[PDB]
Amino acid sequence: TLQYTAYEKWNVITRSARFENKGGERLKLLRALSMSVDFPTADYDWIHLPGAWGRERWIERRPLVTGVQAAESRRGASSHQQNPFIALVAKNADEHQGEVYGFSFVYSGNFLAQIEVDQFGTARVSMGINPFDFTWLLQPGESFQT
Amino acid sequence: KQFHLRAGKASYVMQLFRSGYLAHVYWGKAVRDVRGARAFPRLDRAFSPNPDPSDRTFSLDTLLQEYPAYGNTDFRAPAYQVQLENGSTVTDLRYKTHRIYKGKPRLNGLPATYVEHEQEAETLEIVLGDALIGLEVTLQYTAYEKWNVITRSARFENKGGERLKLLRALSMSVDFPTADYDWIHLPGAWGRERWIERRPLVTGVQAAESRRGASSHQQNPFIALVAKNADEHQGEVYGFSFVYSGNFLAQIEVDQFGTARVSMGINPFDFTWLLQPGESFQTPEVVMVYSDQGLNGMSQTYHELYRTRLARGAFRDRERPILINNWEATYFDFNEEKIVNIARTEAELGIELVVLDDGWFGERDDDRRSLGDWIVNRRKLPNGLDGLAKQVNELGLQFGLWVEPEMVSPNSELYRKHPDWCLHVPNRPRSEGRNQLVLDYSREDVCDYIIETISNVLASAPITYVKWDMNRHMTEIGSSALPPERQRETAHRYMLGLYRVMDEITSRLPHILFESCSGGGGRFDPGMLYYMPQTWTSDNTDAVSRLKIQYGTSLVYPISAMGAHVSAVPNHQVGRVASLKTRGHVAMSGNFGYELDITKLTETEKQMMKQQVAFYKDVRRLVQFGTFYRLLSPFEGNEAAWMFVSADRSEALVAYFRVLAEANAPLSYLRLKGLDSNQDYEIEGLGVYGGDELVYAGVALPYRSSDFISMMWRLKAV
Amino acid sequence: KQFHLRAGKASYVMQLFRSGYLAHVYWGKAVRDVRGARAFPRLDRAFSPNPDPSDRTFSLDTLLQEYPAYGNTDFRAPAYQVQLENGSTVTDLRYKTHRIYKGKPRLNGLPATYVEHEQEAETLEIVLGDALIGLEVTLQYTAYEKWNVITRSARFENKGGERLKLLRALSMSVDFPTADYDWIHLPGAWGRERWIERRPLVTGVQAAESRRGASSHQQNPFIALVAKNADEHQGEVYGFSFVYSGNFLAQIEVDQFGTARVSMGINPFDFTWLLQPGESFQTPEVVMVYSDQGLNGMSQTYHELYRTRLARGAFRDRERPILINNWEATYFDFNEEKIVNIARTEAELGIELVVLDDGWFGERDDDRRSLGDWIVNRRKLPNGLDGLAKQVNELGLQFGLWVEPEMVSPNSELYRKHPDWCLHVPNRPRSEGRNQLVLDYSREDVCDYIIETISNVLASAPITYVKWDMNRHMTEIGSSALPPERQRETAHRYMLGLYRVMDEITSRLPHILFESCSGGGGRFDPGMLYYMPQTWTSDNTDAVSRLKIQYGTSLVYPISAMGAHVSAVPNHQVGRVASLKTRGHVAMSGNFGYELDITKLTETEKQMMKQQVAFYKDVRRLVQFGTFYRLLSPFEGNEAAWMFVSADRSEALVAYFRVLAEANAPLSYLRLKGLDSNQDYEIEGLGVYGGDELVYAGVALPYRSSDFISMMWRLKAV
Amino acid sequence: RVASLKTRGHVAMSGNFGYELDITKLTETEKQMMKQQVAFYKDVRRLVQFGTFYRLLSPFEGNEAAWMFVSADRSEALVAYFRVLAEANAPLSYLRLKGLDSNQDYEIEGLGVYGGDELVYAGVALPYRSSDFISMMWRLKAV
């Protein structure tokens, strides 16, 4: 079940998914991201928040690449090193004008925030619990909420 | 003490400082008031000398100015410079008086933006003066009501009893407090005029200029300071447009303290002007435009102002005729029988105007003779211009004529009779471009002769269209009718003559639509637009080449004046093969016309042409008089896109272009501008879309192959 | 008819084209032959007019030239321009003859790079000429055998019978076939001179220039064409250094056809020069360096050339004394005892020179008076300069003196006696800077006076060091001893006079080390370097600020001439607190010295000074005369690093700087240059590293917290 | 790094304000400075912690950093400006604001009354200052 919520007051769209095993066999979640969205074009810059202890959340803006880009955490915590937030930014956009698409993860553990540009210039922004070192077993009757 | 000009949604503020000094403070979006109470004290800047020895905090080197001079403690490039009889170049202009009156004054012997009603603008005249030498300088400011336009010019007058030589006389100068801008000018050449060149500013001097006696293909008299993030659709832009068609200097200087001095006017290089007691000198005007709407906002401001308040004549607000020029069909070799029976087919295709090009006069079989001898060749036109024009008229077409009045061929009746009438210098060889010389328009006799000769030729037949051409640039600049101390005034006096010549000629013939031309857009400037309501954009007629040229031309000049014609293939300039459908769409994006041999066209092509002609007539008033938006830039990529929107936004026309085809290409999309978001639009042949969707989301573009493709969409509000 | 200059590993090729025209062909890496200055189909370019009317392909507008003019079909900015009596500015120089001789000539009344032997260089003089007006221009080319150096200058001579007036007379002009380069110039201000500014070329005009009568803090007389991918260590770089200390114009012009014109010389603005029949005019020279080995390679060429073949005197090849200036100690209020007392303390620390600053002359107690009156104040110095110097000498210290001979205070005996001896113009207010006026060095009486006055004073005491200073820029430029027609020659004539003053004064006192100064490095140019072998780099003595300042200055001028003094904190210019350790390391990267109140220093600080002085004495020869490589640029990041390597590469000194501290910072590394890869070097205190490892792999940097850090390593071959 | 107590306060007041220093080791001036700081923050606390935030100048893009807080009705504002590395003989500085009501006038405390549109479209001149790591804080109230 895909969960969409749209606030009336803000330009906020929240997304999450709920897995349920209604069958008779074990289903093993190798990957269970909260969301994924395919942009029709890929002419963008992206912004994530890299850093370290004593210097968290430095704004880093980079052009997109044909391939994969990702800020992630494998530390069991959201981390000083990469904050669970990425943003698609228009080429000419700044602090005061321009189109911006922010992605914020409401979770304090391992995360993956990825942007993939394919052969046809489409951009897939996917975000959620880091698939790395992660599985989740669903017995019949069990559920998983991202 | 404080002057506050309010033009449209913009503000231009100045303030009188201490005793007579005029300081610049602010220019940008309109504010109610700029607080006069200055925030923090001035500084004692090292090596910035002081006019007042007691106060080291004051220095003209560190004062934002309106019309600065050099040698008085300011070390930056001045707006003007005057040499006295004693050899010094030091002058000191102080405030005398100032006046404010509704409307806009005319400029003496010079073209200028105008108003038709007093309510349309306010004019501020600040009278400055140097009492010692008796030099008076009046700074002229005009602020329009409906536009963000501030026009600036200067007026010198010698009230002293000495000779005053103007070494430099720019129209304007302005000091920005900060220098964090990029700058855009329009460099180019013949075949590729007005390419948009965006560059970061350097700490020093950058300048676009012309030393050719004409505004030139090489540099268009327009520069602009633009914000670092400003684009076509947003950001702050500061336009500077010179209303003049001769030599010019458009300069930006960034100094040690991060200020940017923008100056514009008649190129000081190889230029002087002598002022005897009682004599005056009026500078051409510079049209300054602000916009936080981006580049399109600036251009649209220029478009309305230039089309409705710079262009003149009966054809100013009128739809321009779809013409055809028969240059490739006949060349210098033509006759009456050949033109009229060809013009009969052209009339049936829908053409509204047939233009007779070069070769109708004197001994014209070459481009190496006969310029200056403007009499009908009875050998080619036995019944003359009168006979040809009337025979053309009864087929239902207007008749046009090509002229090049500013030129004289060494092999001509005129030159053999008046060899001293050309621009020349004593005992030097007379250089030739295209085997021709330049006539001396600094002289009254030469001008008077041309006015009479050309007007009589133009009155001898029902000619309603004129292509005024110039195909050379000035060399050996001098006059045999000028004293040695006024020889450097020749270039400007020439332009004054030409302006006066055109002014009288166009006045004698109010029934004629005039189109200026100079080897293409050699003189596509505001100055020429005042006399001739349209211009030949470029000799290059390639559809793909025209993408850059027209895109860059539209930056300042209205589409109504931007001439664009469909030509033959393979192209004569580059050898490129584009589709007839593509060449039409590019040409229909400007002042539509034709330049090709219709007899060489296949039967299928003639039908394309008939549909092109019929289609343009439907979209003409929208194209030529509508609001213009640049969507995709050919300078920034493989695509070119723009659109025209009606005043009430109920109608729109979209043009898209893609040069080099990509195999297995990504899907194409196009977002539009200037539509009513609260209203729905029907795209002919596609369906109905919301205005908000087209602008915010965009339209999926059709997947197409082959190089040099084009697409046109008529948009209609439901 | 081809001229082929061979300088080091570089080639400069020219050619005689058609009827006496001189055409540029190639400049870059050395070639045995240029076969291809012969066969090339020339194009008929639109609007490029023709000297020979029947050939439309040939135009001066489209010809790469060496000394071009305007009005002869060339529309680009010319190298020269001269107005005739009839008013015209048209001139036509044709090839006359040429001569080749080994060695390099001296420029009349001007400084110039020289040779000690004929074998060091070869000189090509190309004599052009305009037969009509009798104008003869001789183009001077010199190619050094040992370096990639080509020097260019021009000599005008009126061999006709009319007056020739030079509107423009640049030292050189060169037309590159392409324009795909970036360009580097050195802008700045007082307290921040010569910041490196890299910019892409624009299609139009870019320039660095000075209208201040001095080379200026604002713009240094140096520009450079660099390849797009060129950096400090590799790539093609073309340097243009002007040997002149006054007004200049350094300009690059890119035309419609993608050619880049680099021209340099005396600024045409506010400049003329009258040439009566029989008179001649010599332009200063421009030193051109080619390098395929990066910015370092270009700079290194200049370093050797300027240190060994431009700088003169007994101190040219000599180690410079470590000096102390006690200006901050006493200001204007001092006496003989107070100076000698502090001299003992400084002498104990190891300092070698004590310099007496401003306030020793006349009634100089402020900065509002006494300039021009060079007589010992008997209140402060009862025993005169001789008595003070003698005492200082037997303390073991050399003695130095501060002078500002070009300046006159309105409140001085000199000015109330000779009010016409200052630069001024009739009936205009005499503007001041730092409450002082500029003496008229265009006049003979003034120069001879200064020459006698300063010489006798400098010979009256065992003075072995002089600091020559100027703290003002020209306003109201003019001379009472000049006719109106020669008034605009004043600035250049001033500079010619100054050059003669310095030449005669320095010649009288061969045992005196002269250091040029101008509110810091306001006159840090090759012209001054010819008369005074070292220069005060900047009044900004802040360690961090000096990173950029010394980095940019090092781009052209040798380390031996770059004065750098350790000062007190909080820094008087920026207010920054940097460690004495860091202030030392920065100052030790140049001509080391001190400028601070020793009486205000802590005992810990004074001990660091002794260690400092001892250290620099070990590395002095290596620093001042060694090879200089820049590693990390402060203009490009948070770091600054460079190193000095001996000729035999057996010894090296490495300097590193970080300015802003970073918490939990990444591990730092540093890679070196110029070492012998096949040799092992011991880094003192660290260990032994291989030269290849040092250059290819690099060294690990220590982890340091705290702001503004510095580090020095001594390298020695095993 | 050594920065002025004034500067350390202006940065800390830009967020959730607190103290992390030994008072037993403070001079009388510093303790009196702290008291002045606390009294100031309590005045703009509701504005800082609950007002609208505008970033003006990025410390990631240059030598400056600036941001401002604007109240809901735009009748009140706090402007914070920071400059790290001192430049000798530096150019004149200016600051443009955001989120103000163009139709209203604002009193910048201790400076005078400026128009809202002026502060946003023209900008206000900044004081010439030396020393490293400086800060400036302005309170704005509508008339």
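Residues numbered from 1 in each chain as written, not as in the entry; some residues may be left out. Chains lettered and ligands numbered in written order. Part of a larger assembly, values for the part shown. Heavy atoms only, no water.

How would you explain the state of the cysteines if you had to name every residue and give the values?
Per the counting criterion, the structure on display carries 0 disulfides over all chains. The structure places no disulfide on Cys 447 of chain B, whose sulfur is separated from the nearest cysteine sulfur, that of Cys 422 of chain B, by 14 Å. (Disulfide = S-S within 2.5 Å.)

Quick rundown of the UniProt feature "binding site: substrate" in chain B? Include the residues and the values.
Residue and element names in this part refer to chain B. The UniProt record annotates "binding site: substrate" at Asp 44, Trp 190, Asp 357, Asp 358, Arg 434, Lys 467, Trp 468, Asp 469, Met 470, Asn 471, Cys 517 and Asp 539. Taken together, the annotated residues stretch across 496 residues and extend over separate regions, lying up to 65.7 Å apart by C-alpha. In this structure, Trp 190 sits in the loop between β10 (182-187) and β11 (197-200). Judged by its relative accessible area of 33%, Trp 190 falls in the partly exposed class. Side-chain polar atoms of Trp 190 contact the backbone oxygen of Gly 519, separated by 3.1 Å. What makes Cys 517 buried here is its relative accessible area of 3%. (UniProt positions renumbered as here; feature names shortened; annotations may be inferred. Helix = DSSP H or I, 4+ residues; strand = E, 2+ residues; numbered from the N terminus. Buried < 20%, exposed > 50% of the residue type's maximum accessible area, 1.4 Å probe, protein only. Polar contact = N/O pair within 3.5 Å; in protein donor to acceptor, adjacent residues only side chain to side chain.)

I'd love a proper account of the domain arrangement of chain B, names of residues and values included.
All names here are of chain B. The domains assigned to chain B are domain 1 (1-300), domain 2 (301-623) and domain 3 (624-718). Computed over C-alpha atoms, the centres of domain 2 and domain 3 are 33 Å apart. Counting from both sides, the interface comprises 36 residues of domain 2 and, opposite them, 28 residues of domain 3. Around 2,800 Å² of area is buried between domain 2 and domain 3 when both sides are counted, 68% of it from carbon and sulfur atoms. (Domains from an automatic or database assignment. Contact = heavy atoms within 4.5 Å. Buried area = accessible area lost by both parts, 1.4 Å probe.)

Residues and numbers for a nonpolar patch on the surface, please.
Where nonpolar side chains cluster on the molecular surface, the patch consists of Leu 2, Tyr 4 and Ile 13 of chain A and spans about 370 Å² of accessible area. With respect to the helices, strands and loops of the structure, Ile 13 of chain A is situated in strand β2 (residues 13-20). (Patch = residues over 30% accessible without salt bridge, like charges linked within 9 Å, V, L, I, M, F, W, Y side chains within 5 Å. Areas by Shrake-Rupley, 256 points an atom, 1.4 Å probe, with all protein chains shown as cover. Salt bridge = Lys/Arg side-chain N within 4 Å of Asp/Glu carboxyl O.)

Report on helix α11 (residues 603-625) of chain C, specifying residues and quantitative values.
Helix length check: α11 of chain C (23 residues) gives 33 Å between terminal C-alpha atoms against 33 Å at 1.5 Å per residue, within 8%. Inspection of α11 of chain C places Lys 606, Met 609, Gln 612, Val 613, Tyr 616, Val 619, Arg 620, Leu 622, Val 623, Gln 624 and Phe 625 of chain C among the buried residues, and these make up the whole buried set. (Expected span 1.5 Å × (residues − 1).)

Got a sec to walk through the sheet that holds strand β35 (residues 687-690) of chain B? Specific residues and values, please.
All names here are of chain B. Taken together, 6 strands build an open sheet; the order of strands is β30-β31-β32-β37-β34-β35 and the sheet is antiparallel. Strands at the two margins of the open sheet, each flanked by one partner only, are β30 (627-632) and β35. Within the sheet, the average angular offset between the axes of one strand and its neighbour, ignoring direction, is 25 degrees. As defined by bridge partners, strand β32 (residues 651-658) adjoins strand β37 (residues 709-717) across 8 bridges and the pair is classed as antiparallel. When the sheet's bridge partners are listed, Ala 652 is paired in β37 with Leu 715. Against the sheet, helix α9 (residues 543-553) engages β30, β31 (639-645) and β32, with an angle of about 45 degrees to β31. (Pairing = 2+ DSSP bridges. Axes fitted to C-alpha atoms, helices over the stretch in contact; angles between N-to-C directions.)

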